[PDB]
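J.: only the shape, not the letters, is given here:
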């Protein structure tokens, strides 16, 4: 099965760690905080890693049946499950259920109870994925969702819920959104397991290319908190493409060219390594290229293939 | 260029008219209200129709720069633009900007101002797409977003906004959600134009196959309103696949088989017509099939190909 990547333009593709369109290409240096994303992890052969789901609407969210606080503003407790509705395998090969948020923040969103015969329900909600919240323990099969300023009488056990992400909190008093900082999936008192491996380009002069999106920020109606971004290694359209394809990797990396039709030419070239990340010969920072261009696979290359400088 | 469809399972794919995973296959009869979807419209050759965008996060939403009410709870006024940030061509070949909602309801969501240097902002919002609100006029380049119980001082002109869908309203007094009922894109005082064509199976015994999702409902914290669904003709993953492929259609329809590996066999068959819709030889109602199966293209067939009963 011959290897390929989607011919879709970047501004048509979506972030694999957050519900948002790609609106930027940035290069990231080998900082102290090593890229260790659990979502948006796919090999060029289409092997999904960590908590990566193909279900785009299940990204950076939680879902499952409500349970009583005993058995573990208004607190909601979920028996977390996978996107397709099947049980989460606790002693399986994932750190958490697929689509589970893979960073620390207070994630603002909507708690949804969409199929209830007594009547559908939803409410403003948030999830604290920082170590500060001991009840964020999806690795052990439960997590706490906070319904903000309501929810009493609606969080009874035995009903299907989703938590769907909108924003992170910002502002001086509130917890820091740190997208490169993994949460404690088992809570403070227990360890993570089966994490997808860190991403750190080995070769000199090669730095990581990330796909950027805007990260909305909630600061309780002030409109004073600084704007945020969120990054991923491969857009979802890449991940679904690679997964469906199942093409054997014939070398350490795939040489892709970023093609811009209005320019009638290739603008830069990059290496997509088998492990599922792109690198460029470029210094850290934003790439000032138009996003109405697409990646094209031209050849299998060695890790020692020297890229043209961006 | 040989034709194909994604080998992705249905419960992994997403709705082309609303932010949700597919959780159902239903067959729809030839009802009085004809399928006239503007989103989720793609031909087997990969031609996008109506307001169809590949940008999944831009589906059933609005975005653009804020403008003054003069130049046209707290009212926000947007100069609507396309997902990629480029201007909406009013006298072009679309009824509205891509991703514009294609049904009548009060759509609940979040108004997001994510890039503002003075500080990012968001707020609880809704969009009335019924004829009752004359200010839903995206065909003419502006639309009103209502910020619910706040927003004063934040809706100033010259800033980029998005409206992102969460739910529709429900409850006896509130306006009815009608997913097969197109809005007046130019408002009450003007006509629509360049609508994607109605979908209505011609051949006897062939009825429309639709991909179902849950539709969340907002009823102001009551939780008493009846649960809802929303449907589309083809999942986004189909649409991206067909678009990237650009495969010539060798016949009126593509014969697909729904394959279930756990059963080690084909469960039913369908015809995907060139115009971008699937039909089954089956009566109206829910198809009780497991959604961990995938569609497979086996042959080009005429419109007179007799399908096996489901």
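T.: Yes, it's here. Numbering: from 1, shown residues only, chains lettered A, B, ... in the order given.

J.: which parts of the stretch 201-310 of chain A are helices?
T.: Assigned by DSSP state H, counting those that start in this stretch, the helices in the stretch 201-310 of chain A fall at A:236-245.

J.: name the residues of it found near chain B, please.
T.: A:214-219, A:221-228, A:236-237, A:240, A:243-244, A:291-292 (Cβ under 8 Å from any Cβ of the partner chain). From N, CA and C alone the C-beta is placed, and that goes for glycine too.

J.: kindly recompute the last result at 7 Å.
T.: A:214, A:216-218, A:221, A:223-228, A:237, A:240, A:244, A:292 (Cβ under 7 Å from any Cβ of the partner chain).

J.: just how off-centre is stretch A:237-256 within its chain?
T.: 19 Å (Cα atoms, centre = their mean, to the nearest Å).

J.: cool, and stretch A:158-165?
T.: 19 Å.

J.: what of stretch A:10-27?
T.: 11 Å.

J.: do it and chain B meet at all?
T.: Yes. If you take Cβ under 7 Å from any Cβ as the test, stretch A:10-27 does meet chain B, through A:11-12, A:14, A:19-21.

J.: for the residue in the stretch 51-200 of chain A positioned nearest to chain B, what are its contacts?
T.: Distances between the stretch 51-200 of chain A and chain B by Cβ to the nearest Cβ are smallest at residue A:121, namely 3.6 Å. Contacts of residue A:121 were listed using Cβ atoms under 7 Å, 6 or more residues apart in numbering or on different chains, and they are A:113, A:154, B:223.

J.: reformat the residues of stretch A:10-27 next to chain B as JSON lines; add neighbour count and secondary structure.
T.: Below are the residues of stretch A:10-27 next to chain B laid out as JSON lines (neighbours: other Cβ atoms under 10 Å in any protein chain shown; DSSP: H, G, I helix; E, B strand; the rest coil):
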{"residue": "A:11", "neighbour count": "21", "secondary structure": "helix"}
{"residue": "A:12", "neighbour count": "23", "secondary structure": "helix"}
{"residue": "A:14", "neighbour count": "26", "secondary structure": "strand"}
{"residue": "A:19", "neighbour count": "22", "secondary structure": "coil"}
{"residue": "A:20", "neighbour count": "26", "secondary structure": "coil"}
{"residue": "A:21", "neighbour count": "25", "secondary structure": "strand"}
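
J.: and these as CSV, adding distance to residue B:79?
T.: Converted to CSV, those look like this (distance: Cβ to Cβ, whole Å):
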residue, distance to residue B:79
A:11, 19
A:12, 22
A:14, 24
A:19, 24
A:20, 21
A:21, 19
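
J.: all strands of the stretch 1-150 of chain A, in order?
T.: A:24-28, A:62-67, A:74-80, A:106-113, A:121-128, A:136-137, A:142-147 (DSSP state E, counting those that start in this stretch).

J.: who does the shortest one pair up with?
T.: In other words, strand A:136-137. If you go by DSSP bridges, strand A:136-137 pairs up with strand A:142-147 (antiparallel).

J.: kindly report the same for the fifth one.
T.: For strand A:121-128, the paired strands and their directions (DSSP bridges) read strand A:106-113 (antiparallel), strand A:142-147 (antiparallel).

J.: residue B:146: which of those strands is closest?
T.: strand A:106-113 (17.6 Å; Cβ to Cβ).

J.: between the closest one and strand A:74-80, how big is the angle?
T.: Orientation check (axes from the mean of the first three to the mean of the last three Cα atoms, to 10 degrees): strand A:106-113 against strand A:74-80 gives 80 degrees.

J.: so what touches strand A:106-113?
T.: A:76, A:101, A:120-129, A:145, A:147, A:154, A:159-169, A:174-175, A:218, B:166, B:216.

J.: residue B:109 versus the residue of the stretch 51-200 of chain A closest to chain B, what's the distance?
T.: Using Cβ to Cβ, to the nearest Å, we find residue A:121 at a distance of 17 Å from residue B:109.

J.: equivalent analysis for residue A:80, please.
T.: 26 Å.

J.: same check on residue A:101?
T.: 21 Å.

J.: could you identify the most distant pair in the residues of the stretch 201-310 of chain A next to chain B?
T.: Pairwise distances across these peak at 44.5 Å for A:224 and A:244 (criterion: Cβ to Cβ).

J.: how about the nearest residue to the residue of the stretch 51-200 of chain A closest to chain B, chain neighbours excluded?
T.: Setting aside the residues directly before and after it, residue A:121 is nearest to residue B:223 in space (Cβ to Cβ, 6 or more residues apart in numbering or on different chains), at 3.6 Å.

J.: ok, residue A:55 - contacts?
T.: Neighbouring residues of residue A:55 by Cβ under 7 Å, 6+ apart: A:83, A:99, B:12, B:14, B:21.

J.: between those, which is nearest residue B:184?
T.: When those are compared against residue B:184 (criterion: Cβ to Cβ), the nearest one is residue B:14, at 27.7 Å.

J.: per the record, what domains does chain A have?
T.: Residue ranges for the domains of chain A, per curated CATH domains: A:1-58+A:176-310, A:59-175.

J.: same list (the strands paired with strand A:121-128) but as CSV, adding mean neighbour count and distance to residue B:2.
T.: What follows is the strands paired with strand A:121-128, written out as CSV (neighbours: other Cβ atoms under 10 Å in any protein chain shown; distance: least, Cβ to Cβ, whole Å):
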stretch, mean neighbour count, distance to residue B:2
strand A:106-113, 24, 41
strand A:142-147, 23, 45
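
J.: out of the residues of the stretch 201-310 of chain A next to chain B, who's nearest residue A:28?
T.: Distance to residue A:28 across those (Cβ to Cβ) is lowest for residue A:228, with 15.5 Å.
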